[PDB]
Number of protein chains: 2
Amino acid sequence: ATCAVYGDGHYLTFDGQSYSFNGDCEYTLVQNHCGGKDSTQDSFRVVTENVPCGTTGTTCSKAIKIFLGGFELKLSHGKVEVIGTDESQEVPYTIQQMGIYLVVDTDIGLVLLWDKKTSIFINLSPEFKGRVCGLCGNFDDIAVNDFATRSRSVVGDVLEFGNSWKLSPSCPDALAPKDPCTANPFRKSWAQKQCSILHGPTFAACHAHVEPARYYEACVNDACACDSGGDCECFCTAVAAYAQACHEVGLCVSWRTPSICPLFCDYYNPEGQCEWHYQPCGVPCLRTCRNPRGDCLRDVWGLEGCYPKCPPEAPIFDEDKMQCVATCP
Amino acid sequence: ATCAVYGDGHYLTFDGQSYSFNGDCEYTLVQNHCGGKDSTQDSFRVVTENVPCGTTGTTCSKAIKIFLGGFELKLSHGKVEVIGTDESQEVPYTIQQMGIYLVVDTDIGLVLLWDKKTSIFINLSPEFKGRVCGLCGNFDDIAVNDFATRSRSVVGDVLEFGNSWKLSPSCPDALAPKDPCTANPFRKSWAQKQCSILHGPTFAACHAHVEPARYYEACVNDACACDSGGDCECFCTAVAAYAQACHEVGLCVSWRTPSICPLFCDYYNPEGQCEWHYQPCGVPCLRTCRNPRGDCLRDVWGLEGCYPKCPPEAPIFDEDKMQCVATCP
Ligand SMILES: [Ca+2]
Ligand SMILES: [Ca+2]
């Protein structure tokens, strides 16, 4: 159970519902109290804005704003921005970047994952079941009642469900998308050649467990649509979505190849030093000044991305100068 | 003095002449005896074929064939293929891959550099001056007489000069190219943003020496034209052309950034081992079973690409399993 918003309008609910829509507006994914009685009076809210990326019109998210007790977080250009420093209580969120994921976790039990480019995953702890409303549907493990359109009513119109959670009072109404591959037929051969890796023998373990046909067509559509420049990032995000979906099951897999989506972990390594090896499965509990060896958050998973390989001498990471120091003074 | 064929129809002669043309045919760059008296009776010849890469019609080279004493080399799909094993004399060429360059050298003194995708550079030793004919012009350090169109005549028509060196008797005549950026105006902003790095402070050392305006517009044109997919490779080749042109002067520079054209030298490193650090300047003389420490070819330059960093124990490279073994048994 985890919200899966990625690429161009691909969504997967907690209860396991897959739909699609595109719209250039502001939307909220997770709300507290559903606008009613404030039971826990926390009023958590996560919102996002879509920009017309790509000439096909298939917009993708650009910025994410998080509201928590009068505290606001702005995510844009790969840098975290905070607006509003309430002089009460304290900081309730932790900002941590792991691999190619930007992770923010709340003391309430809310965990968000950010690829810093397009994708985003939201998971909810079981104590908040049912009483959550948004585009991700009610967290009740029932794919039937996940279409509550701000009025406790389930409607078969995915477009109506998506439009019901717009934020700007004066914002253009979203509409059904076109066919990216029919729009760009000349890219179809290259797109199929690139996205065929998912059905290749490398991902056979996940193929034997889940059905990647939806993710396969998602990769094809994303590659077809991405035509204004930098299609490599579109393809990499499309693949990494299914990679994470397989990883969260529990069985680690490896899919990176120097010809496709190549990381450059050597760059962070300074001169005369080599302590950054890519970890496919995902690093276990680490040690650093902020998070000691004995302390770790197990709600996170292996994920992916370059991680430092600190020497046995000074294995603690610093997180301020991106190196392994013995201890932060 | 070095032939510089790269991207989509970009050529620079030994004597320093820059022109451009595109054509889907077979052409010869360097010929021996110019079809006349065989002085050294070596009859060296390098030929190439152009394929309609990209929807703009700007073709780029795909395969290179080398003729040397009845020995033929086929270069396609990133793998070297040899056709014709004469049962006389011996092998006169050495096939070696260094960094992101595939290098073949002849005992005569001919050196070729291959990026395995599009680009190619040809240098000539001084003993072969003047008596060489081809698209690269006569090797006499004179930009005036480099337009010999197979008849010892210089013609101001670059198109005519290019067509005069076609090989297939029945092959379509080449024509002047269009404007890639006018063809794809929506890509102009992204292309300028990507190609502006050359004029950025990183390459100021070469900016203070050579004039990169031609290379700047070449990068812009290449990024504009590359639209059928994989524009990242087009941009990377366009940048690396100027990078090599600056490197051959003598002053080493660094331009790689994990956000742009990122190498994945970590991949070659096996588990528990980190002995592949990217070298910007280019590795000095190496040691291996084929080429010992005392033996090295100094005609080559630093170039670029991932190189192994063998430990002080077993520093010899094997070249058969891509690792550093003590000595080949
Ligand atoms: Ca539901
Ligand atoms: Ca000349």
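Here chain B follows Swiss-Prot for its numbers: 901-1229, in order, are the residues you see.
Cβ coordinates come from backbone N, Cα and C, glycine included.
Between B:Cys925 and the candidates B:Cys960, B:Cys1033, B:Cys1036, B:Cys1071, Swiss-Prot records a disulfide bond only with B:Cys1071. Disulfide pairing as given by Swiss-Prot: among B:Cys934, B:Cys1126, B:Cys1132, B:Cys1033 connects to B:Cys934. Candidates considered were B:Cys903, B:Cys953; the recorded disulfide partner of B:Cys960 in Swiss-Prot is B:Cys953. Between B:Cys1036 and the candidates B:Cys903, B:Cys1165, B:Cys1174, Swiss-Prot annotates a single disulfide bond, the one to B:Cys903. Counting in whole angstrom, B:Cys1036 (disulfide bond) lies 21 from B:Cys1071 (disulfide bond) by their C-alpha atoms. Highest local Cβ density among the disulfide-bonded residues B:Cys934, B:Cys1033 belongs to B:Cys1033, counted as other Cβ atoms within 10 Å over all protein chains shown. B:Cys953 (disulfide bond) has B:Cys1071 as its nearest neighbour among the disulfide-bonded residues B:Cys934, B:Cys1033, B:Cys1071, going by CA to CA distance. Note: the Cα of B:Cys1071 (disulfide bond) and the Cα of B:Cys1033 (disulfide bond) are spaced 21 Å from each other. Under the three-state DSSP scheme, B:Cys903 (disulfide bond) falls in the strand class. In the structure shown, across all protein chains, B:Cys960 is the one of the disulfide-bonded residues B:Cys925, B:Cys960, B:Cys1071 with the greatest number of other Cβ atoms within 10 Å. Other Cβ atoms within 10 Å of the Cβ of B:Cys903 (disulfide bond) number 22 in total over all chains. The shortest Cα-Cα distance between B:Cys934 (disulfide bond) and any of the disulfide-bonded residues B:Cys903, B:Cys925, B:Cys960 is the one to B:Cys903.
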